[PDB]
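Colleague: first portion of the complex, with coordinates as positioned in the assembly:
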Amino acid sequence: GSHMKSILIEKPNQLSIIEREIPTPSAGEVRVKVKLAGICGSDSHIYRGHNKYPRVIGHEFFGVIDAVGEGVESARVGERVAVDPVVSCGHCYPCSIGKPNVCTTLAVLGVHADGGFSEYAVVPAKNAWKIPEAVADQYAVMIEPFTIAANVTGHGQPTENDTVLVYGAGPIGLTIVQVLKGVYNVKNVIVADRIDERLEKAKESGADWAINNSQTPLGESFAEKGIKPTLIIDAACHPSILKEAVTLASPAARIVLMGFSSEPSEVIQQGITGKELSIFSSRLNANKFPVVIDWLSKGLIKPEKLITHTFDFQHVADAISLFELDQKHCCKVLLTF
């Protein structure tokens, strides 16, 4: 009982399950014995080396505090916790205005520092959020994805009367549909994608209109119904999208970007300022764990709709493969411990 297994990305396309000493938490830290972890695009991108090595990945994880560091209440041992991967300094400009997600010395667990694809992880005490007993383990592991939705909608401020367009019906887009419908009671949620199976999944998650734009552009589809969205959320993120969103938008609308493309987006300010559009962006989460846990308590969102597969962590390579290849029928994939 002195060592543990961790999934390590040594370099692009080298993933090993290595054995490590069980870590001790320092002051202000806790150790989590991990139960579940989720697979996200960022895990794939690090594995396939699209961007520091070696790195244990995984920023979506849930488990039980088995030990606490100095200055942490030992009563916390035994708590069921989901971990916010955003590690912030708490004193820089972004931190001072409640934006730890863009902290000047931001570290994301499973990205810039070792994360949750590991039998034990040491994390800041304040980042480990207690999950109510009524909230199932599998829903808890999904908190981090839903905090992305919470952060995005927090910028957009959806109203019940908004006409909302969401580009993309992957995992991310779907959590957003769920928050729009179940938390904000938006009456008209429109979702766009090119894959019919994902559009069906969007409907199942509460979309009012699932529109395929692989052949007919949204402009034609919308012109026909007289639709001009008042809130547009880009959960697809190809850089050409922003320019179309601007055209589609109602005057006075707002747009939320989620994409990190290093490729240029071309826009014409005449089209933006002429409609006095607002363009927000969203990165990670600004302390959204409490509110999402609240939503889970109230049954406002439905993670079971999005979880499609579960692999033991030893099969992580298989899990990631499936996640990469299977656009239909695969949504969110979990690793067990």
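Modeller: Arrived safely. Numbers count the residues shown, from 1 in each chain, chains lettered A, B, ... in the order given.
Colleague: contacts, neighbours, all on C-alpha from now
Modeller: OK.
Colleague: SS state for residue A:283?
Modeller: coil (DSSP: H, G, I helix; E, B strand; the rest coil).
Colleague: which residues are in contact with it?
Modeller: Residue A:283 makes contact with A:101-102, A:148, A:151, A:258, according to CA atoms under 8 Å, 6 or more residues apart in numbering.
Colleague: relative to residue A:119, which of those is nearest.
Modeller: Checking the contacts of residue A:283 against residue A:119 with CA to CA, the nearest one is residue A:148 at 24.9 Å.
Colleague: so what's the residue count around that closest one?
Modeller: For residue A:148, the count of nearby residues is 24 (other CA atoms under 10 Å).
Colleague: ok, residue A:239 next?
Modeller: 17.
Colleague: ok, residue A:104 next?
Modeller: Residues near residue A:104, counting by other CA under 10 Å: 15.
Colleague: surely it forms part of a strand?
Modeller: No - applying three-state DSSP, one finds residue A:104 to be coil, outside a strand.
Colleague: residue A:264 versus that one, what's the distance?
Modeller: Going from residue A:104 to residue A:264 by CA to CA, to the nearest Å gives 24 Å.
Colleague: what's opposite residue A:257 in the beta bridge?
Modeller: For residue A:257, the beta-bridge partners are residue A:234, residue A:281 (DSSP bridges).
Colleague: which ones are touching it?
Modeller: By CA under 8 Å, 6+ apart, residue A:257 lies in contact with A:233-235, A:237, A:242, A:279-282.
Colleague: and the residue sitting nearest the centre point of chain A, helix, strand or coil?
Modeller: By CA atoms, centre = their mean, chain A has its centre lying nearest to residue A:145, at 3.1 Å. At residue A:145 the chain is in helix, as set by three-state DSSP.
Colleague: you'd agree it is up against residue A:175?
Modeller: Yes - here residue A:145 reaches residue A:175: they are 7.1 Å apart, a contact under CA atoms under 8 Å.
Colleague: ends of stretch A:158-172, how far apart?
Modeller: 17 Å.
Colleague: include chain B too:
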Amino acid sequence: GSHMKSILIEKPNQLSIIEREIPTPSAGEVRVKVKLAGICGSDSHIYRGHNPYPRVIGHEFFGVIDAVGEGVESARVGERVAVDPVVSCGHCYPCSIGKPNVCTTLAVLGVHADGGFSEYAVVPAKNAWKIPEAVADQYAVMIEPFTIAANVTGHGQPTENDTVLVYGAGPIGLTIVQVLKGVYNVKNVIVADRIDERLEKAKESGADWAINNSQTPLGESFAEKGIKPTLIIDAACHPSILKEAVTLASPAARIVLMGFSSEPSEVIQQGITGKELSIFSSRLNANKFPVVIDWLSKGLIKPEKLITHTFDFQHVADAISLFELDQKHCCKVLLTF
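Modeller: Take a look at chain B, now in place beside the chains above:
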């Protein structure tokens, strides 16, 4: 006594002082006998045919009500008023959310409909705002330009500790500087411009640091001082500025765009979302006349610092030309009646 002179743009590059019947206000309207009007860029653009007629121009004007239409209190006759050029429908989506400035059927006086470069003009009664006796005629006529500043800062929400960069020390940029300093008590207002004489005017209006970036890019000067603005306002509006603003921005910063360039701006989303920037735009004003009128009562802004020249309205062609030439010694030009 039944006729009056108006300034008509018949077509591109053709300005004529014509004779017209003194108009009669209809229901909900008043006739204003104009005392002062201001010249703006949009007046020049309409004169020069920059939008690929005929129109009486002038959206910045002040005068006295001398007739009222049906439904308007007859007591308004004799009122000193400045006119909000924003004419909105009141029932479309933007109007319903308090954004008449982008009303789906917006008409701007002096742009889409006949304006204030005229001895008399008829306008909606609700658009004519009573000016306190203590506020001078030439201050009152400056209300519309200051409402632009009010609208912009409304989006930006400047705080005292914000590090603000304003691009452009033309008349628009200068109103922004005054509002930042005098209304929001921003401690650090930085202004960039290519012309030294205007940078000097920026200082006179309250700017804390006036930087010429005609030769040295702002990136260099900012790097040297360790400056990363938290609020960036583009009152210069060349389409390339946005991309530069994004690189200069602090993380979590916001940017307010004011430009209507039909040429493309290139931005890279990596740089926007990476810092979770918000990009606002501002057009005209959303009911900011009372706000600015209040600022004037309280002495928070100083319009006299911006007024450089006055011409009788018959010399408008000379006036506009001087406004178009001479960036050095000309700021805001008024027409008298």
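Colleague: please reconsider the neighbour count of residue A:104 now that chain B is part of the model.
Modeller: By the measure other CA atoms under 10 Å in any protein chain shown, the count of residues near residue A:104 is 18.
Colleague: tell me the spacing between the residue lying closest to residue A:266 once chain neighbours are set aside and residue B:144.
Modeller: In space, and not counting its chain neighbours, residue A:266 is closest to residue B:266: 4.8 Å by CA to CA, 6 or more residues apart in numbering or on different chains. According to CA to CA, residue B:266 stands 31 Å off from residue B:144.
Colleague: of the two, who's got more company?
Modeller: residue B:144 (25 against 18).
Colleague: quick one: contacts for that one?
Modeller: B:59-60, B:83-84, B:289 (CA atoms under 8 Å, 6 or more residues apart in numbering or on different chains).
Colleague: rerun that using 10 Å as the cut-off
Modeller: B:38, B:59-62, B:82-86, B:150, B:284-285, B:288-289, B:292 (CA atoms under 10 Å, 6 or more residues apart in numbering or on different chains).
Colleague: state the pair within the residues you listed that is farthest apart.
Modeller: B:62 and B:150 (18.6 Å).
Colleague: between these two, which is the more surrounded one?
Modeller: residue B:62 (31 against 27).
Colleague: for the helix or strand harbouring the more buried one, list the C-alpha coordinates in CSV.
Modeller: Element membership of residue B:62, judged by DSSP states H and E, is strand B:60-68. Provided in CSV are the C-alpha atoms of strand B:60-68 (Å, rounded to 0.1, in the frame of the first residue of the first chain):
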residue,chain,number,x,y,z
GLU,B,60,-26.6,66.7,-33.6
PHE,B,61,-28.9,69.6,-32.9
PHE,B,62,-30.4,71.9,-30.4
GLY,B,63,-33.1,74.6,-30.5
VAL,B,64,-36.5,75.7,-29.2
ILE,B,65,-39.9,74.1,-29.7
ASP,B,66,-42.1,76.5,-31.6
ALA,B,67,-45.0,74.2,-32.4
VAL,B,68,-46.4,71.0,-31.2
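Colleague: strands paired with that strand, and their directions?
Modeller: Strand pairing for strand B:60-68, determined by DSSP bridges: strand B:29-38 (antiparallel), strand B:80-83 (antiparallel).
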